[PDB]
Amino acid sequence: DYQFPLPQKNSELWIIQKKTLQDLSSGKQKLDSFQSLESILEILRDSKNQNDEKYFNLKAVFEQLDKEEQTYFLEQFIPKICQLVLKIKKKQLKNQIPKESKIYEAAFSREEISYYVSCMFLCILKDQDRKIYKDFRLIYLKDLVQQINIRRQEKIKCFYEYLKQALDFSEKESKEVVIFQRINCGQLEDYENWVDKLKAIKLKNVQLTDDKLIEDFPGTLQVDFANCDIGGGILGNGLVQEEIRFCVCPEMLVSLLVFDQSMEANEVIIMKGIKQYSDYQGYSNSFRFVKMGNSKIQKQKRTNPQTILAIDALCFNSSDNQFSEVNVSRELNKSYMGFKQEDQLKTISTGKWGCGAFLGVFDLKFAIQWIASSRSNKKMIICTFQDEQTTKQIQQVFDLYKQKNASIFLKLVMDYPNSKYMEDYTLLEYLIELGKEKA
């Protein structure tokens, strides 16, 4: 049972750190410049050396602030977050791999979570014996590629926005519980086993949306298209679906602190009580932090906690056969083991799961999720992210196969690769051709 070392674990260094924290917390030490901050950090990281690039991205965010907020940042914000670190009572966090069919759950107060994100902000979360860190140091660090520095800078804005809001927490809000769950789901079923089990199952409802994002659907089981290492490149260069979600909902960062080990094929992660703190536009290189507004919808995102299912798709290469009975049954397991969780959340909010850098064919990832949600006895919302052609296709397929038998459906899908249509039909087109052929 692995335990992630909090700063106090190293009492030697903790002496120095603590000294410096209350030093700033009190107003004893006052920061006049960003240069001052940098030496603060170098101390807290216990680092001999020091060049300017180490904090190039942090600096860049700092300098985009107005003179008033730069003042605020150095005189008020940093000291206040040092105080949050000082409120920490734990010296390590537990990373347990649940036994078969059991759950490792870890719960925190909303404020406690802010204490830990503060540690990440001040680059003091590391396991020296493993030479593993879990804070913002790479993000702060200058990269050779400007786009990458922008992504880092943008992530920094999100975490800062979040931190500012964590300081203004009402007594009530700071006590609310956030919950992380590593869930072992037991025996993996194989292809034949699946085909059998689905004979009893009918395809359930699916809704398409061109222009909405997953988090626009509060009160659903919201999917994070996760890496097997939860968080993916959140602490580095990553800025696609999973990392973006961590960016706008930074409480998720703590999952990094308890779920060190890769998810196993029969594992899923659930995060409850997660609120959204930033808005954004774009994706990857175009991703930009956008301060959250005042509208009805914005107030809700900020104040209404959501529940999130993190499941990791297979990472394919270009030669892999995604339609193999082994690969399919694997994705059926993962999604269904995930979707069947939180049975009071009867709608799954999902989308192009594993179809980006993971090279998944979306037509098939759709079919698998539909089968999984159906078996789960849940409705599904699919976000196609402005893919007009796919939207049209999936709609048609839904109209042809809703309420139809899921086992017949699966077999239909599994024959595509062999079928005649394999050459100049996509999977969805092939399904349409066979759905229209019935007349």
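We number the residues from 1 along the sequence you see.
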{"query": "Per the entry, higher mean C-alpha B factor between 76 to 84 and 345 to 353", "finding": "76 to 84"}
{"query": "Comparing 109 to 117 with 221 to 229, the one whose average Cα B-factor in the PDB entry is higher", "finding": "109 to 117"}
{"query": "Member of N57, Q64, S33, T390 with the greatest C-alpha B factor (per the PDB record)", "finding": "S33"}
{"query": "Candidate residues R245, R330, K175, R151, the one whose C-alpha B factor the record puts highest", "finding": "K175"}
{"query": "Chain thirds of CA B-factor: placement of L412", "finding": "middle"}
{"query": "Third of chain Cα B-factors occupied by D216", "finding": "lowest"}
{"query": "Within-chain third of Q276 by Cα B-factor, per the entry", "finding": "lowest"}
{"query": "Third of chain Cα B-factors occupied by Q300", "finding": "highest"}
{"query": "Third assignment of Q146 from its chain's C-alpha B-factors", "finding": "middle"}
